[PDB]
There are 2 protein chains.
Amino acid sequence: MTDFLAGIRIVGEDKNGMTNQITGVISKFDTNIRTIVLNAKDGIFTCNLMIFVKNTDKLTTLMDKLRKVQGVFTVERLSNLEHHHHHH
Amino acid sequence: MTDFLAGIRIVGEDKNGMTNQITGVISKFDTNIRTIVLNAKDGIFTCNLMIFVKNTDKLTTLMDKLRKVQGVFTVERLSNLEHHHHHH
């Protein structure tokens with residue numbers, strides 16, 4: 001009701017540590033991770049975070065928390081989700 | 001000096017914190033996350049870890065580290081991978 005499944009997408013440079021620190025920061029959030037897909041390809045990584053929030057302001061707040069990492073250049077919201085029968 | 005892309009499959013009960021702690025433990029490893037995919041289905045969640053390891057012993061050790069979690073009941077190795085990693 002007040003809660004909904006919110007989505008985030010993080011694209012940053014694939015360094016020996018960034019992929020670890022990024023999802024680490026995510027795992028220590030206030031909310032519970034129901035889905036997350038990070039893949040480092042070619043030289044960049046895209047970490048798609050899926051968590052439940054009480055409001056949109058909560059979602060925009062997480063963005064700023066992720067933008068604290070200098071290695072990341074894109075922190076964006078996922079309006080259209082990948083959540084349906086058969087996920088891969 | 002060997003090093004291969006090792007995959008791991010973790011299935012545990014979707015609890016208030018498990019999904020967070022599980023990937024949080026993963027970030028603590030001596031290896032860089034190349035791909036991580038966590039998703040909950042029906043009261044359960046499956047997290048797939050994709051990382052690099054020098055030796056198969058280094059990989060079996062990661063299992064034992066993940067198997068320390070009471071909320072998890074399956075910790076397996078992903079042999080058949082969709083990771084077409086080549087040069088053109």
# chains A, B, ... in the order shown; residues from 1 in each chain; ligands from 1
$ calpha_fit_and_write --fixed "chain A" --moving "chain B" --output "JSON list (two decimals) with C-alpha atoms, in the first residue's frame"
[["chain", "number", "residue", "atom", "x", "y", "z"],
["B", 1, "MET", "CA", 0.71, 1.26, 3.35],
["B", 2, "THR", "CA", 2.50, 1.26, -0.03],
["B", 3, "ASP", "CA", 5.47, -0.93, -1.10],
["B", 4, "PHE", "CA", 6.84, -1.57, -4.62],
["B", 5, "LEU", "CA", 9.79, -3.32, -6.27],
["B", 6, "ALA", "CA", 12.26, -0.49, -6.97],
["B", 7, "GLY", "CA", 15.10, -0.97, -9.47],
["B", 8, "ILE", "CA", 18.39, 0.99, -9.58],
["B", 9, "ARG", "CA", 21.19, 1.11, -12.22],
["B", 10, "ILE", "CA", 24.75, 2.02, -11.14],
["B", 11, "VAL", "CA", 27.57, 2.56, -13.69],
["B", 12, "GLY", "CA", 31.06, 3.30, -12.36],
["B", 13, "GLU", "CA", 34.71, 2.82, -13.34],
["B", 14, "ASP", "CA", 36.07, -0.73, -12.81],
["B", 15, "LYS", "CA", 38.54, 0.06, -10.02],
["B", 16, "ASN", "CA", 40.51, -1.93, -7.50],
["B", 17, "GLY", "CA", 37.71, -2.14, -4.91],
["B", 18, "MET", "CA", 34.74, -0.25, -6.43],
["B", 19, "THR", "CA", 32.73, -3.36, -7.38],
["B", 20, "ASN", "CA", 33.18, -4.61, -3.79],
["B", 21, "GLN", "CA", 32.33, -1.35, -2.01],
["B", 22, "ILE", "CA", 29.30, -0.60, -4.24],
["B", 23, "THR", "CA", 27.32, -3.76, -3.43],
["B", 24, "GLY", "CA", 28.72, -3.61, 0.11],
["B", 25, "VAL", "CA", 26.96, -0.24, 0.50],
["B", 26, "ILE", "CA", 23.76, -1.76, -0.95],
["B", 27, "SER", "CA", 23.65, -4.43, 1.80],
["B", 28, "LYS", "CA", 23.64, -1.55, 4.35],
["B", 29, "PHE", "CA", 20.16, -0.37, 3.21],
["B", 30, "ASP", "CA", 16.90, -0.74, 5.21],
["B", 31, "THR", "CA", 15.53, -3.02, 2.44],
["B", 32, "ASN", "CA", 15.94, -6.69, 1.45],
["B", 33, "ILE", "CA", 17.80, -7.53, -1.78],
["B", 34, "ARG", "CA", 15.36, -9.31, -4.13],
["B", 35, "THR", "CA", 17.80, -9.29, -7.08],
["B", 36, "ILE", "CA", 21.30, -7.85, -7.64],
["B", 37, "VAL", "CA", 23.20, -7.97, -10.97],
["B", 38, "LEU", "CA", 26.74, -6.56, -11.19],
["B", 39, "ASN", "CA", 28.92, -7.04, -14.30],
["B", 40, "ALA", "CA", 31.95, -5.27, -15.82],
["B", 41, "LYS", "CA", 32.13, -4.62, -19.57],
["B", 42, "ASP", "CA", 34.98, -2.46, -20.86],
["B", 43, "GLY", "CA", 36.82, -0.84, -17.95],
["B", 44, "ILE", "CA", 33.36, 0.02, -16.55],
["B", 45, "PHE", "CA", 30.87, -1.93, -14.41],
["B", 46, "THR", "CA", 27.06, -1.74, -14.16],
["B", 47, "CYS", "CA", 25.31, -2.97, -10.98],
["B", 48, "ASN", "CA", 21.48, -3.31, -11.04],
["B", 49, "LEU", "CA", 19.75, -3.29, -7.63],
["B", 50, "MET", "CA", 16.25, -4.76, -7.20],
["B", 51, "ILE", "CA", 14.62, -4.13, -3.78],
["B", 52, "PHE", "CA", 11.29, -3.15, -2.15],
["B", 53, "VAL", "CA", 10.35, 0.33, -0.82],
["B", 54, "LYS", "CA", 7.22, 1.80, 0.80],
["B", 55, "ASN", "CA", 7.57, 5.27, -0.71],
["B", 56, "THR", "CA", 9.24, 6.75, -3.84],
["B", 57, "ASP", "CA", 11.07, 9.14, -1.48],
["B", 58, "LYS", "CA", 12.65, 6.11, 0.21],
["B", 59, "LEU", "CA", 13.89, 5.11, -3.28],
["B", 60, "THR", "CA", 15.29, 8.55, -4.27],
["B", 61, "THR", "CA", 17.15, 8.49, -0.94],
["B", 62, "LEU", "CA", 18.97, 5.27, -1.96],
["B", 63, "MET", "CA", 20.31, 7.06, -5.06],
["B", 64, "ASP", "CA", 21.85, 9.83, -2.93],
["B", 65, "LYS", "CA", 23.46, 7.11, -0.77],
["B", 66, "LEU", "CA", 24.99, 5.45, -3.88],
["B", 67, "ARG", "CA", 25.92, 8.80, -5.49],
["B", 68, "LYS", "CA", 28.37, 9.38, -2.59],
["B", 69, "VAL", "CA", 30.90, 7.19, -4.43],
["B", 70, "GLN", "CA", 33.46, 9.11, -6.53],
["B", 71, "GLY", "CA", 33.99, 6.08, -8.79],
["B", 72, "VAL", "CA", 30.34, 6.14, -9.95],
["B", 73, "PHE", "CA", 29.11, 8.59, -12.62],
["B", 74, "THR", "CA", 25.58, 7.23, -13.31],
["B", 75, "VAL", "CA", 22.91, 6.41, -10.70],
["B", 76, "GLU", "CA", 19.46, 5.83, -12.27],
["B", 77, "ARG", "CA", 16.04, 4.26, -11.61],
["B", 78, "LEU", "CA", 14.94, 1.15, -13.56],
["B", 79, "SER", "CA", 11.26, 1.72, -14.47],
["B", 80, "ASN", "CA", 10.67, -0.93, -17.17],
["B", 81, "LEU", "CA", 11.17, -4.24, -15.30],
["B", 82, "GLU", "CA", 11.17, -7.86, -16.53],
["B", 83, "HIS", "CA", 9.81, -8.91, -13.12],
["B", 84, "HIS", "CA", 6.53, -10.73, -13.81],
["B", 85, "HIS", "CA", 5.42, -10.94, -10.15],
["B", 86, "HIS", "CA", 1.88, -12.41, -10.04],
["B", 87, "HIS", "CA", -0.22, -15.30, -8.64],
["B", 88, "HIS", "CA", -1.69, -18.21, -10.65]]
